[PDB]
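These notes concern the structure reproduced below.
Laboratory data are not the source of any read-out in this text; all were calculated from the coordinates shown. In this analysis, Cβ positions are derived from the backbone assuming ideal geometry, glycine residues included, and neighbour counts consider all displayed protein chains.
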Amino acid sequence: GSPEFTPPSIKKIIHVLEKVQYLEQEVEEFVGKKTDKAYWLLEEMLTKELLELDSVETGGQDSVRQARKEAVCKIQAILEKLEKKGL
């Protein structure tokens, strides 16, 4: 048919990454607390997306390994930003 751009499964990497982008913007607002029930869930939701992306087994996919590592790094930046939003 046609070559097109962006494979089929790659779309998920975008879908998941798109989710992280929204989570980041939410953190900036999030006025939760380090010991708040929402904060736990807030950190919980972030870790959840990271757990989904870090669930692929793969084997010889450089594109996946690169995206997987980059995605996890993003969660790290937000995780700390939240640690200071709680208190």
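Quick one: in segment 55-87, which of the residues that are of a type in the set (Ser, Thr, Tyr) and closer than 16 Å to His15 by Cα is nearest to the chain's Cα centre (by Cα)?
Taking segment 55-87 first, the residues of a type in the set (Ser, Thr, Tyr) are 55, 58, 63.
Narrowing further to those that are closer than 16 Å to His15 by Cα: 55, 63.
Details: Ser55: 13, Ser63: 16 Å.
So the residue we want is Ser55.
Residue-wise test of (1) surrounded by 14 or more Cβ atoms within 10 Å (Cβ to Cβ); (2) under 21 Å from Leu87 (Cα atoms); (3) hydrophobic (A, V, I, L, M, F, W, C).
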residue: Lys19; (1), (2), (3): yes, no, no
residue: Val27; (1), (2), (3): yes, yes, yes
residue: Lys34; (1), (2), (3): no, yes, no
residue: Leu42; (1), (2), (3): yes, yes, yes
residue: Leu50; (1), (2), (3): yes, no, yes
residue: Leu53; (1), (2), (3): yes, no, yes
residue: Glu70; (1), (2), (3): no, no, no
residue: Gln76; (1), (2), (3): no, yes, no
- Task: Sort out which residues of segment 1-56 are of a type in the set (D, E, K, R), over 12 Å from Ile78 (Cα atoms), touching a residue at least 24 places away in the same chain (Cβ under 8 Å) and not in a loop (DSSP other than H, G, I, E, B), and write them in order of number.
- Result: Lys19, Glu49, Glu52
- Task: Specify the residue that is surrounded by the most Cβ atoms within 10 Å (Cβ to Cβ); the eligible residues are those in segment 57-68 that are assigned to a loop (DSSP other than H, G, I, E, B) and not small (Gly, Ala, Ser).
- Result: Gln61
- Item | Residue in segment 43-66 that is closer than 26 Å to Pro7 by Cα, among the basic types (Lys, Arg) and touching a helix residue (DSSP H, G or I) at 6+ places or on another chain (Cβ under 9 Å) present | no
- Determine whether segment 30-43 contains at least one residue that is on the phi < 0 side of the Ramachandran plot and within 13 Å of the chain's Cα centre (by Cα). yes
- Message: Pairs needed: first member in segment 65-87, within 23 Å of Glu29 (Cβ to Cβ) and free of Cβ contacts under 8 Å to residues at least 60 places away in the same chain; second member anywhere, small (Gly, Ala, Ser) and not in a helix (DSSP H, G or I); C-beta distance under 9 Å; at least 6 residues apart or different chains.
- Response: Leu82/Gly32; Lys85/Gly32; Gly86/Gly32
